[PDB]
Number of protein chains: 2
Amino acid sequence: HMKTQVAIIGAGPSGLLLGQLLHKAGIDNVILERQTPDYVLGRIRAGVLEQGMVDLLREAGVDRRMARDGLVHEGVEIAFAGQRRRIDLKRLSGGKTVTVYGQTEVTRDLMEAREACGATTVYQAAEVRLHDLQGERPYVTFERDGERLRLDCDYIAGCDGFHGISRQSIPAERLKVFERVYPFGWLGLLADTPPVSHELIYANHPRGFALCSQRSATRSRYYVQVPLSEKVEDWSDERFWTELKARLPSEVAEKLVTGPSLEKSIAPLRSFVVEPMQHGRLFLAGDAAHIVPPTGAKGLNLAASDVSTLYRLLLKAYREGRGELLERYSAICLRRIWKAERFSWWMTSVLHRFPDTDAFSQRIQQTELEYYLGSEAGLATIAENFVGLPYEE
Amino acid sequence: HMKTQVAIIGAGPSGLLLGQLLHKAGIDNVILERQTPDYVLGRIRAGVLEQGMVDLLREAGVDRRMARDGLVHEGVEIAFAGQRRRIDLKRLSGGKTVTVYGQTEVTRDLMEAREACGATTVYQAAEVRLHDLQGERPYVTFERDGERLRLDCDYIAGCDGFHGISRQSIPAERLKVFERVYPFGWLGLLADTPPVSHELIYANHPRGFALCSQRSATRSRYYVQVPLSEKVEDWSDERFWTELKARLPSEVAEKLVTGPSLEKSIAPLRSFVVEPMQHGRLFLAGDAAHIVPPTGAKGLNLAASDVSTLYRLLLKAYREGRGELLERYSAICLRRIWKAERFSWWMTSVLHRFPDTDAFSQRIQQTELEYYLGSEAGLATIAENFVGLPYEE
Ligand SMILES: Cc1cc2nc3c(=O)[nH]c(=O)nc-3n(C[C@H](O)[C@H](O)[C@H](O)COP(=O)(O)OP(=O)(O)OC[C@H]3O[C@@H](n4cnc5c(N)ncnc54)[C@H](O)[C@@H]3O)c2cc1C
Ligand SMILES: Cc1cc2nc3c(=O)[nH]c(=O)nc-3n(C[C@H](O)[C@H](O)[C@H](O)COP(=O)(O)OP(=O)(O)OC[C@H]3O[C@@H](n4cnc5c(N)ncnc54)[C@H](O)[C@@H]3O)c2cc1C
Ligand SMILES: [Br-]
Ligand SMILES: [Br-]
Ligand SMILES: [Br-]
Ligand SMILES: [Br-]
């Protein structure tokens, strides 16, 4: 059998960041990933990092490229009802910012650091199964070139995202699920074009939501809301750019640099929370435990807060012999998760066009934007949520 | 024919306050009321006045009794999820308060002042009809002891509440209606008992909403949410008090002084806005134009802001010959109306038990309370809304 201290299922950002923090702390860990390295690196996903995530990447020793290439944002724009309003995040949050740096780059940075350090990752780990979670000697089985291997461990971190095995390794009756599926998705287009703005632009347009985001001075990420029936094959680059422009202020659409896509995909929008987030020696983190609609840019940032919490409780278990504190993992994480889920639901509700909206709902949506963007107190609630609420001790 | 400057339909608080402000300004006005004086005075309704309304009553010359008998509140309590949280309105609003003084007392105070001044009110004015609204010589017809009379005027103020004739005197195609009907009502009980708290208590309880309010040191007003099917005849005083106690913190229920009811009634909850709020020489004010669910305590307070605006535009029309400014009435009023409607909808949404709520909605409701009551910025948004946003110039 292989033997480690912490088995990690998934080499996405949750599992890589947990693994790097544990490795540097001298806690033995093994990542098992079903896909190949290139497959994982193909996923586009996050653009917007909270300071908590930036700081955890620095703590993991992986922040050199982010420090050169990351973009610090002090504000964000909401466009609605023919108005353009800047939220001064840095003023209204009491001096906090967010950092733009692609999830593909964070993942690459972690993968290069894990390889450099000589820590253990098994890619193409097929048919992962989890065993004996309520014992002192849990273990993982998997297949590698069709040979069945066993990994003995003390603890398992389920970092295997929404359709991982880890959440399905807990008896359903021990969990409560809280879910909302939104009646639209985001059509996303990544292009090697200069961004149309130095800051993000969220647009609530009568034709539907649009977002102007970015990865660098030379790479942009745009989205438009589409119905759930839509197929990415029916959206040429040309059709995408024409619809995006239709949804933006004419002075923004006029200056937009267009170009052929590097990636196009439709992402469903979902809110999902499980409670609790652990079972015996198994702890769930990131998308294995919870999903947010991307309007709030919180999923990778909540994976970061889960991993930080699990990392600090594991430090207590191994360095101080205080393994009983791991009982608190779910309660700590879920306080932060629910407030980020609330903010993500609010952003989704106020910025999108919903089918079968009545006249009162339309006016309430517009009034929500008018009040929140016209009040110092309202603007402060958006800013503190956008930069992220503090990590709990 | 009778002849006046401003015909006022309705001797509720909107029409009485407008009439008293105009009378004192030397603008001739006549109130036509379908009901008798005692009928109007029988309605219990509002407890909570914004400073804007307190100040308009002082401006109308009617504030002596309110000044002796009104109670100034600096805070309010929200009870939810076994927690009790005080909102410090005075701190968080930058020093504003609200005043508790019953609508029956405001109405009585205005009626006594109008009688003392010898201004014109016709009670039991039957079959009010409005004529020639797009001319220079609009008029009103009505019946008094079965005789049909005519009142000539320059302008008509429709202050005749939700089922008045005035909103039905405008062609439907000239109006847009924004409505929401909530799937519950408030069972209210007024009693000559000392209030259980010096401040209001809003309770979100698993059995449903409850509110502890007051009229004086010796008179209290309590509410519980009931389904729309409920009949006031099935709710004895005893049944009311038992359910109210079931919905309150045990330390509050233990100290509650109960007693026989002075009034019990079930009020439906509705959000309603018409746009615009005028047609030719006809201006709608208060419940004739808009309704809010009482969770926000805004209906009488928005009648006050409509009347203030109409009064100031009428001063410009008569004193300065600037009648064209009356064109702005609806736009001014509707900015304030929509933000109060938004806050009333929010309070209603976060404090009540809704039928057929799913698990995500229940957790989002609880998280909304946790976030808003645990953030300085969140608490500031509740406080500034509860005291009322500023009246527009
Ligand atoms: C359009 C979009 C935009 C977003 N923007 C942002 C943003 O700006 N900010 C933000 O904070 N978040 C954002 N997110 C959210 C963020 O990308 C996710 O929350 C993040 O990918 C979660 O990381 P994770 O490591 O928990 O899960 P994943 O990234 O899903 O990684 C899980 C890994 O587990 C592996 N795995 C699965 N099952 C098994 C198995 N049985 N055995 C072994 N391995 C397995 C998978 O192959 C995968 O590599 C966005 C997402 C989308 C789709
Ligand atoms: C349970 C409850 C609690 C509330 N609490 C508060 C609170 O704390 N704070 C707050 O701000 N508001 C509160 N309100 C709202 C407030 O009571 C109303 O907004 C207020 O009554 C509106 O005054 P109004 O003069 O516009 O209309 P009304 O009070 O309805 O007066 C209209 C008048 O017009 C007359 N009329 C009707 N039709 C005709 C006709 N055809 N011809 C002639 N006369 C006619 C009626 O008989 C009536 O006297 C509450 C209401 C309820 C039900
Ligand atoms: Br990316
Ligand atoms: Br997200
Ligand atoms: Br009253
Ligand atoms: Br009200």
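X-ray crystallography is the method the PDB entry states for this structure, with the resolution given as 1.60 Å.

K.L.:
Looking at this structure, how should I read the UniProt feature "domain: FAD-binding" (unreviewed entry) in chain A?
P.N.:
Within this structure's numbering, the places UniProt gives as "domain: FAD-binding" (unreviewed entry) are residues 3–344 of chain A. Strand forms 34% of residues 3–344 of chain A and helix 31%; the C-alpha atoms that close the span are 40 Å apart.

K.L.:
Where do I start with the relation of the copies chain B and chain A in this structure?
P.N.:
Once chain B has been moved 0.0 Å along the axis and rotated by 180 degrees, it coincides with chain A to within an RMSD of 0.0 Å. Classification of the inter-copy transformation places it as that of a two-fold axis. In terms of C-alpha distance to the rotation axis, chain B has B:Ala377 as its closest residue, with the C-alpha 2.6 Å off the axis. Most of the interface of chain B is mirrored in chain A, where 100% of its interface residues again form contacts.

K.L.:
For this particular structure, what's the right way to read the packing of helix α12 (residues 376–387) of chain A against helix α12 (residues 376–387) of chain B?
P.N.:
Two quantities define a packed helix pair, namely the angle between the axes and the distance from one axis to the other. The geometry of α12(A) relative to α12(B) is characterised by a closest axis approach of 8 Å and an angle of 155 degrees between their N-to-C directions. Taken together, the axes of α12(A) and α12(B) are roughly antiparallel relative to one another. Like other packed secondary-structure pairs, α12(A) and α12(B) cross with a definite hand, here left-handed. In this structure, α12(A) uses A:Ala377, A:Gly378, A:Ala380, A:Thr381 and A:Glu384 to contact α12(B), whose residues at the interface are B:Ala377, B:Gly378, B:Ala380, B:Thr381 and B:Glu384.

K.L.:
What exactly am I supposed to notice about the site of ligand 2 here?
P.N.:
Residues and elements named next belong to chain B. Around ligand 2 lies a shell of 31 residues, among which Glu-33, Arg-43, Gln-103, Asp-287 and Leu-300 are the nearest. Considered on its own, ligand 2 offers 1,000 Å² of accessible surface; in the complex 90% of this is hidden by protein. When contributions to the shell around ligand 2 are tallied by element, the ones reaching two or more residues are α1 (13–25) and α9 (299–320). Among the elements that make up the shell around ligand 2, the one with the highest residue count is α9 (3 residues). Taken together, the residues of the shell around ligand 2 break down into 13 nonpolar, 11 polar and 7 charged.

K.L.:
Sorry if this is basic, but what is going on with helix α3 (residues 51–59) of chain A here?
P.N.:
Residues spaced three or four apart along an α-helix point in a common direction, a consequence of the helix completing one turn every 3.6 residues. All names here are of chain A. Residues of α3 that are buried include every one of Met-53, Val-54, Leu-56 and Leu-57, and no others. Projected onto a plane normal to the axis of α3, the buried residues spread over an arc of 165 degrees and lie on a single side. In this structure, the buried side of α3 is in contact with α1 (13–25), β4 (48–50), α4 (64–69), β8 (98–100), α6 (103–117) and α9 (299–320). With its phi angle positive at about 85 degrees, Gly-61 sits one or two positions after the end of α3.

K.L.:
Hey, could you run me through the pattern of salt bridges in this one?
P.N.:
A side chain with one charge may pair with a side chain of the opposite charge, provided their charged atoms come close. Here the structure, examined in full by the defined rule, presents 56 salt bridges over all chains. Its salt-bridge partner being B:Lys298, residue B:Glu50 comes within 2.7 Å of it at the nearest N-O pair. Of this pair, B:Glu50 sits in strand β4 (residues 48–50) while B:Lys298 sits in the loop between β21 (290–291) and α9, and the two are 248 residues apart along the sequence. Take B:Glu50 and B:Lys298: they sit in the same class, and that class is buried. Of the charged contacts in the structure, one is a salt bridge between B:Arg221 and B:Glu263, with a shortest N-O distance of 2.8 Å. Of this pair, B:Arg221 sits in strand β17 (residues 219–226) while B:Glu263 sits in strand β18 (residues 261–275), and the two are 42 residues apart along the sequence. We note that B:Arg221, like B:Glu263, is buried. Among the ionic contacts, a cluster of salt bridges with common partners joins A:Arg65, A:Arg68, A:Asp69, A:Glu105 and A:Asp109.

K.L.:
How should I be thinking about the domain arrangement of chain A in this particular structure?
P.N.:
Interfaces are often sized by the amount of accessible area the parts lose when they come together. Residue and element names in this part refer to chain A. Examined at the domain level, chain A breaks down into domain 1 (1–73 + 97–181 + 270–352) and domain 2 (74–96 + 182–269 + 353–389). Taking the mean C-alpha position of each, domain 1 and domain 2 sit 28 Å from one another. The interface of domain 1 with domain 2 comprises 34 residues on the first partner and 41 residues on the second. Together domain 1 and domain 2 conceal approximately 3,200 Å² of surface at their shared face, both sides included; 64% is due to carbon and sulfur atoms. The largest per-residue losses of area from domain 1 upon contact with domain 2 belong to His-73, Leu-351 and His-352, which jointly make up 24% of the total buried on that side. Taken together, the connections running from domain 1 to domain 2 amount to 14 residue pairs in polar contact. Listing elements by their share of the side of domain 1 that touches domain 2, those giving two or more residues are β4, β5 (71–73), β8, β14 (176–191), β18 (261–275) and α10 (329–351). In terms of residue class, the side of domain 1 that touches domain 2 is built from 16 nonpolar, 9 polar and 9 charged.

Cut-offs and rules
- Numbering of residues starts from 1 on every chain and follows the written order of that chain's sequence, so it may differ from the entry's own numbering; residues lacking coordinates are omitted.
- The lettering of chains begins at A and the numbering of ligands begins at 1, in the order of writing.
- Side-chain measures here rest on the full set of heavy atoms in the structure, leaving out hydrogens and waters.
- UniProt positions are given in the numbering used here, feature names are shortened, and annotations may be inferred rather than shown by experiment.
- Segments assigned H or I by DSSP are reported as helices when at least four residues long, segments assigned E as strands when at least two residues long, and all are numbered from the N terminus.
- Every copy is matched to the others by a least-squares superposition of C-alpha atoms.
- When checking whether two residues touch, look at their non-hydrogen atoms; a contact exists if any pair is within 4.5 Å.
- Note on geometry: axes are C-alpha line fits, over the in-contact stretch for helices, and angles between N-to-C directions span 0 to 180 degrees.
- Put simply, angles under 35 degrees are roughly parallel, angles over 145 are roughly antiparallel, angles from 65 to 115 are roughly perpendicular, and the rest are oblique.
- Working rule for handedness: look at the near helix, and if it is turned counterclockwise from the far one by less than a right angle, call the crossing left-handed; if clockwise, right-handed.
- A single heavy atom is enough: if one lies within 4 Å of a molecule or strand, its residue is considered near that molecule or strand.
- Using the Shrake-Rupley algorithm and a 1.4 Å probe, accessible areas are obtained, with residue cover drawn only from the displayed protein chains.
- Side-chain classes are defined by residue name, with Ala, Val, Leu, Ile, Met, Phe, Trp, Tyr, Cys and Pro counting as nonpolar, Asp, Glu, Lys and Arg as charged, and the others, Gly among them, as polar.
- Classification of residues uses two cut-offs on accessible area relative to the type maximum, computed with a 1.4 Å probe and protein chains only: under 20% is buried, over 50% is exposed, and between them is partly exposed.
- This arc describes the spread of directions from the helix axis toward the C-beta atoms.
- Every case where a carboxyl oxygen of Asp or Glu lies within 4 Å of a side-chain nitrogen of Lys or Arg is listed as a salt bridge.
- Here the limits of each domain have been adopted from an automatic or database domain assignment.
- A quick way to say it: buried area is the sum, across both parts, of accessible area lost when two parts are put together, with a 1.4 Å probe.
- Here a polar contact is taken to be a pair of N or O atoms separated by no more than 3.5 Å, where protein atoms must pair a possible hydrogen donor with a possible acceptor and residues adjacent in sequence count only if both atoms sit in side chains.

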